[PDB]
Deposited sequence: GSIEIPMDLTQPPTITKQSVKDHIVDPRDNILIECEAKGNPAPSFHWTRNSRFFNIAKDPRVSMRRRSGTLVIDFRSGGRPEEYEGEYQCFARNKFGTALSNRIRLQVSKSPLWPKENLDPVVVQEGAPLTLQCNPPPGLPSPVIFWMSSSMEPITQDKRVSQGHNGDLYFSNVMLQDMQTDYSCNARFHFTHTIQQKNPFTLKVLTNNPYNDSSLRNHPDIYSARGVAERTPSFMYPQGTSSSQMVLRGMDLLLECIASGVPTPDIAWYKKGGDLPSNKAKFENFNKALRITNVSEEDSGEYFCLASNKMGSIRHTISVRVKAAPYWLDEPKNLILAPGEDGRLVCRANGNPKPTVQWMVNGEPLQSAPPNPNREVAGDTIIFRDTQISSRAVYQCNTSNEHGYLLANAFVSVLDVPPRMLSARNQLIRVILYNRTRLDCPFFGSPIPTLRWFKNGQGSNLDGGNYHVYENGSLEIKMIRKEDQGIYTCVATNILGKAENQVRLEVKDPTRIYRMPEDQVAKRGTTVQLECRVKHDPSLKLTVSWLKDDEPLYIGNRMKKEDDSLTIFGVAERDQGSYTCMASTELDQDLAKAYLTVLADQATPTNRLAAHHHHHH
């Protein structure tokens, strides 16, 4: 994007705002951030739950100065729970209105366990069991762990373990499972509060045990489906029941699991993919292998995606009569529908503009004038999420300006690459060109590259590349110039490097390190034993050109690295020293 200096008339641009999913602690005061720039002093106003939000009628809510940030303070009283809901910020000035994202403000709660009286569980020895937890809801979901009601630890293993939902599955119940009662505990993220379910008590009955084929406990049926969004974590689970404790092995149709992202958890009963993508979609099956038999359960994984920018709409900097366009393209599954708004008002009912023609996801401005100076908003949305973007159209008439300091100085060593910065601005976007030493030929093509923001990269510097560089930005209203002096220094090169050698114990070894460098530079040389900095000690002599070691033994054996560095350059030399044995 291209910004506009603040001295020039400008529609508001939102700088900082709260996150979409704004979860808060039930103790702290609450802050809904909304800050925005604008050449005329921008005024802010809010909407809570799609209706106007009057700050003046609520004493706890106050708005910061020169911004729209709201602070709600509970020192006088009140509780944050009553402020949950969707909030939207609006930043206005005489030239237009910019919108923020919809802040879904929720407070992280720790609700108690619903009062329930649990009867003593009775089960046959060797039978499968499921103790459902059913934890209270929290934001984020609380961490579920099982303990005795006396808070002694329950040991989980391949035979008895909990799923992601929290329920505790016993593949086959044993007598020893009566050693403890099973109470579910939920730990909440922001308060670290634990809520405890009533404890379960088991009563096992002995046989009058016979073996049994595996059977699936958690994923009922032969097949199942899951839907996970792009970039989220995919968590599949398979729980089996069998008298000989089954072993769960995961496989994928037509492909192996990605080694860099897939991980096994919960004793190979859980498979987690970290950063899922369209490629991760498919058919994942799990085998509950056992001494008696083996059965398979299949899972159809479809990966959808919330919209993400391919081309985000950028501000339109225009001169009167110049043609431009706003392009708003997001990608996602399903394909995101584009909705256009002008100053927070739907485009279908906005004040008509003859210069403005809308088509699909693109707005075209032909012969733009001082009118239609407004902030357009694009909302690209699908069932799984939205993307909201602000882009203003600014029609102005100012000559080109230079934004950086004049006659800068940049030093660089010979073969390095470098970048000269020359940011600029003009009412119609001025064209920028670089010249060297008063040459009429502009610098572009081989070895040179010009970026949109005016900076020039030299990819491989020659000694001839030293000198004065002038960047010139020009439009019909005039031109501006800027100067930067590039100085090529001589490279720091180690022309006598330490050589690998094999020495018998007691000898004196010398590793030479002679370096040439630019005289107008502070060169510092250091040594590294193996790959860590070497401490200079007794029997070690660090000359300016070498490093000598007296009475070598087994400890001195290894790799020595001479490092010669100046403020702009670095050079490494690595040698190996072996020490024989007798």
Legend entry - Deposited-sequence segments unaccounted for in the coordinates: 1, 210 to 227, 602 to 617
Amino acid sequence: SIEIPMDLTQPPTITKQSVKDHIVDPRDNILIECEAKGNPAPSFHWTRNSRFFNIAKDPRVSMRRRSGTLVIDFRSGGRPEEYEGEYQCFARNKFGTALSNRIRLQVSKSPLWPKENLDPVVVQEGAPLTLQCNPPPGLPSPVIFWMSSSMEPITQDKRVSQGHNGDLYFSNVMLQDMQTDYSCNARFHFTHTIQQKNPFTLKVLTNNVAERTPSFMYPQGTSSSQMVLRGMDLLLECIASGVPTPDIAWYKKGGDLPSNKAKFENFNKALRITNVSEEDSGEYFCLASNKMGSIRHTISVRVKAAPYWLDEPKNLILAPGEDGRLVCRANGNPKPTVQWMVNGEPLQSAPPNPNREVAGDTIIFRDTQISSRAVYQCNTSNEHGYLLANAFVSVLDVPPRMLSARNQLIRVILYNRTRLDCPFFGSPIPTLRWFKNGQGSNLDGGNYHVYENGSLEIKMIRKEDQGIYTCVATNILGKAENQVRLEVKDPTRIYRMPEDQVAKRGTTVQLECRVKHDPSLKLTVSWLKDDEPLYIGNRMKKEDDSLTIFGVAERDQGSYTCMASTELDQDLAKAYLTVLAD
From here on, numbers count along this sequence of modelled residues.
Legend entry - Per the entry, higher mean C-alpha B factor between 55 to 63 and 529 to 537: 529 to 537
Legend entry - Stretch with the higher entry mean CA B-factor, where the candidates are 151 to 159 and 255 to 263: 255 to 263
Legend entry - Deposited CA B-factor, highest of 438, 385, 142, 111: 438
Inset, instruction - Kindly indicate the residue among 392, 170, 216, 200 with the greatest C-alpha B-factor in the PDB record. - result: 216
Inset, instruction - Within this chain's modelled residues, let me know which third the CA B factor of residue 241 belongs to: lowest, middle or highest. - result: highest
Inset, instruction - Report the third (lowest, middle or highest) to which the CA temperature factor of residue 311 belongs, ranking only the modelled residues of the same chain. - result: highest
Legend entry - Assigned third (lowest, middle, highest) for the C-alpha B factor of residue 428: highest
Inset, instruction - For residue 209, return the chain-relative third of its C-alpha B-factor as stated in the PDB record: lowest, middle or highest. - result: highest
Inset, instruction - Would you please rank residue 566 by its C-alpha temperature factor against the other modelled residues of its chain and give the third it falls in: lowest, middle or highest? - result: highest
